[PDB]
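These notes are about the structure you will find just below.
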Amino acid sequence: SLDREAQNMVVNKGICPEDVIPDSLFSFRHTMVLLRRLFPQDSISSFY
Amino acid sequence: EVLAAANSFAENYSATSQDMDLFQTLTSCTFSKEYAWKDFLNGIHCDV
């Protein structure tokens, strides 16, 4: 039910994946730097 | 949740010309009498 809910809110109006706040104690900057440091990824794909 | 949203908005906020114009209006003219009162209060140092 919530999967269809989220899919409909994303299709009907585009929402950038930065303004989505899972909970009030969630920080986008910190979470993303923690995740990249934890799981390294290739930068050539992002740049080339 | 309101405080978290306020933090998120104020974090990635870049001041535009129109916002600075509005804030300059607010601080310079529409709040003039109150600031006059506050500036008067300082400078009334009193002795015993």
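Here the protein sequences line up with chains A and B, keeping their order.
For full-length UniProt numbering, add 2103 to where a residue sits in the first sequence, where the first one is 1.
For full-length UniProt numbering, add 1427 to where a residue sits in the second sequence, where the first one is 1.
Every residue, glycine too, gets a C-beta built ideally from N, C-alpha and C.
- Close to chain B, meaning a Cβ-Cβ distance shorter than 9 Å, are the following residues of the segment 2109-2126 of chain A: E2121, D2122, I2124 and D2126.
- For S1435/B against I2124/A, the beta-carbon gap comes to about 7 Å, under 8 Å, which counts as contact.
- When secondary structure is reduced to three states using DSSP, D2145/A falls in the coil class, being assigned neither helix nor strand.
- Residue nearest to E1438/B within the set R2132/A, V2114/A, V2113/A and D2126/A is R2132/A (criterion: CA-CA distance).
- Non-local beta-carbon contacts of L2105/A in its own chain, meaning distances under 8 Å to residues more than five positions away in sequence, are absent.
- For a cut-off of 8 Å, the C-beta gap from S2149/A to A1431/B is around 29 Å, too long to register as a contact.
- Counting along the chain, the unbroken alpha helix (DSSP H) around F1436/B starts and ends at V1429 to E1438.
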